[PDB]
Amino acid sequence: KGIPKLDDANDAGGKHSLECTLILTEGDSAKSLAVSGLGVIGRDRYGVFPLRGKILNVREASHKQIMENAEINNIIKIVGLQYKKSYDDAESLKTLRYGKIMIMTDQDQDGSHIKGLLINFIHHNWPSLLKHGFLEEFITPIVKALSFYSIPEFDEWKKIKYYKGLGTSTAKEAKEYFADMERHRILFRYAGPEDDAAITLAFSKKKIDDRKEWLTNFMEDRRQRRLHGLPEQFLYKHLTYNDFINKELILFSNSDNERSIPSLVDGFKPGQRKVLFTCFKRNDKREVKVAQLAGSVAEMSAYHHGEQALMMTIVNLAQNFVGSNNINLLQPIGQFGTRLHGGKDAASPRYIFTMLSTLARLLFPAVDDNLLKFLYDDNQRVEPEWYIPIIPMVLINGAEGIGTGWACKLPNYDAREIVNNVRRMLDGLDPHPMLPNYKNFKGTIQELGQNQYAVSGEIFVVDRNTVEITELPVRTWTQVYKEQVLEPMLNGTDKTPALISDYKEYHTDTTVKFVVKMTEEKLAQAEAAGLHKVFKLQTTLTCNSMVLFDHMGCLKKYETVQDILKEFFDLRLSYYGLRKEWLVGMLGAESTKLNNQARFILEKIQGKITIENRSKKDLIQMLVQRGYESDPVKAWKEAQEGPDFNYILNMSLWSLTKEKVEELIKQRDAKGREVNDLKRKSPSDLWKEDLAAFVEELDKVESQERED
């Protein structure tokens, strides 16, 4: 047939074609799983073809984009479909190579997404097939203990095995699935108007706001459900397209917003936060290859997606070039991308390295980890719902992402202006308004209207024939500008003749210099029309979707950055008071511990009590009879949810030496003074300390950057 990745059913194309089934699989490992699953006998009436991934959404797409799509036309040639053909009459179905499509995907949410896009494809092009049951799915278990086809069903029911993707199952497993097909095969049924309404609601861009309402209800409902203790409702026999869209695809849509839409608190997405948690736990003193760090992240954070997406998450986190990260929390040791190509010139993750910026733990103090809520994946504690940085990182690095029904775009903001605004609010004033600010951007950004800005590079008149372009607007890449602006100006086009006579390039990996030559008259005309407009050095920047998850995990639209700043500020200063409470608890327990250590050893050297030959039971009983406390640090740590004095009896015999008692009394007095000194500090003073340290290191680091 000409498609090498396809294994065609023996009876496909023959007089039995209508009884044949094409199995569309997610990935080629699923392909092999199904192939071995059917074996010799299954090969007659069952074809199997792989899909690379998410497919084209054909409902709104251009004609050229559809006609040039390799996968779509592969499925068309395999099944024998013809565009605009309706299938009712026997004469019409004589032309099909297969009578059914059985989609086999993972039992996770992205699988459901592929299911939905295939449903949308068939529903858009051939409703004649969709109404009559041309489409089926082959479900697999996500967990076993007997089999369970969704995590809520297994949780409600409650050796346990978790199945990540179809490739995890193998060998006999696959064959087992294909011996009993009554349980694993589910037919999509068309009930009526509700089905069409549901499909178009999911896959049409006219329905975006509808999707918003859709998802909103879901979120509220589930939270309300979660509040009242009602169990999660789950699927998995016939399944109507409506019930699929609203009870299954919807969880992909919500999971898509949850992974794609950052938190207001730390400005992170679950993947990024997993990466940073892993880095925090490893605490590498030396650089680590991005591929190896990626695998380590996967192990330690329980990151269940593919390695490529995570490696590029890391790369995106490390990028320091103009227009990317105002503060990069990972160091880009390697080629991580440049201003020239916009980062697309980054070297392979196998050949580049990274590690924590020395500002990372200054922005996310280690002690604050004791204030967070760490989540769990199958009894493995992984990473918190959020970190709580000393300043609103969601504003600094310009968080963005694309979900379903909502998207998020924020531009960057100067760290020092944000630090100053936090200081203003700590001193009881109102914050100043803030325009976006991009580190090392030499151009201007000026406020046009509400949430709209003009971003302009720099261009100068050198002389009558010469202009010098020293800056391009933020996110305009050097190579792209050359190809799409200066080169068309120089060579001219069909409609537009040549404006400029020549140009030359003086660039730095981090900077832009163009020297353009024009005729006298044509420069005069260009500056009459204005230089930034003619040379395309002004772009509009409009942020009307700032969508973030607040500290409750609720999606919220913020109209101004000052709202983000205030909400963050309240939360963060609350957590600073929490940090003081925790610190007086911990330091207080430590000081009591040091005090009972000192009393014990001071009485041993003073001769008040002798430990020699005392039985363990008799000694512990005597110690509790003499008033010694039990391990105040372990007791206070356990209290946050036999008597242990080991902290006293595991001390060295060196303890009773004169300089050990001396240094231990000094430690005791010093810890007491530490508790008294921190007790008199306000939480705001704690915050100001953190901010001062952060700016000291920020000046050192950025001046080292400019010197290098």
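Rigid core here is just the name for the largest C-alpha set that superposes within 1.5 Å across the two forms. Numbers for residues come from their place in the sequence shown, where the first is 1.
Student: Rigid core superposed, root mean square over structures and residues, which stretch has C-alphas farther from this form in 8 other deposited structures of this protein, 375 to 383 or 115 to 123?
Tutor: After superposing on the rigid core, the more displaced stretch in 8 other deposited structures of this protein is 115 to 123.
Student: Please indicate which stretch deviates more in 8 other deposited structures of this protein: 687 to 695 or 14 to 22, judged by C-alpha RMS distance after a core superposition?
Tutor: Comparing 687 to 695 with 14 to 22, the larger C-alpha deviation in 8 other deposited structures of this protein belongs to 14 to 22.
Student: Is it the case that at least a third of the other compared entries omit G165, given both of its neighbours are modelled there?
Tutor: Yes; at least one third of the other entries leave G165 out.
Student: Does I186, which is modelled here, drop out in at least a third of the other compared PDB entries?
Tutor: Looking at the other entries that model residues on either side of it, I186 is present in every one.
Student: Unmodelled residues of the deposited sequence between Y236 and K237: none, 1 to 3, 4 to 9, or 10 or more?
Tutor: 4 to 9 residues are missing.
Student: Between residues given as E641 and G642, how many of the deposited sequence are not built: none, 1 to 3, 4 to 9, or 10 or more?
Tutor: In the record, 10 or more residues between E641 and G642 lack coordinates.
Student: Would 607 to 615 or 122 to 130 have the larger average of its C-alpha temperature factors, as given in the entry?
Tutor: Looking at the record's C-alpha B-factors, the answer is 607 to 615.
Student: I need to verify one thing: averaged over C-alpha atoms only, is the B-factor higher for 105 to 113 or for 220 to 228?
Tutor: Looking at the record's C-alpha B-factors, the answer is 220 to 228.
Student: Sort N379, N465, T540, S357 by C-alpha B-factor from the entry and give me just the highest.
Tutor: When the deposited C-alpha B-factors of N379, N465, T540, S357 are compared, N379 is largest.
Student: From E287, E383, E182, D256, which pick has the Cα B-factor that tops the rest in the entry?
Tutor: When the deposited C-alpha B-factors of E287, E383, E182, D256 are compared, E182 is largest.
Student: C-alpha B factor of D414, ranked within the chain: lowest, middle or highest third?
Tutor: It belongs to the lowest third of the chain when residues are ordered by C-alpha B-factor.
Student: What third of its chain, lowest, middle or highest, does the C-alpha temperature factor of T476 fall into?
Tutor: Its C-alpha B-factor belongs to the lowest third of this chain's values.
Student: Ranking the modelled residues of this chain by C-alpha B-factor as given in the entry, is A366 in the lowest, middle or highest third?
Tutor: Answer is lowest: the recorded C-alpha B-factor places it there.
Student: When the modelled residues of the chain are sorted by Cα temperature factor, does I55 land in the lowest, middle or highest third?
Tutor: Answer is lowest: the recorded C-alpha B-factor places it there.
Student: What third of the chain does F336 rank in for C-alpha temperature factor, lowest, middle or highest?
Tutor: Answer is lowest: the recorded C-alpha B-factor places it there.
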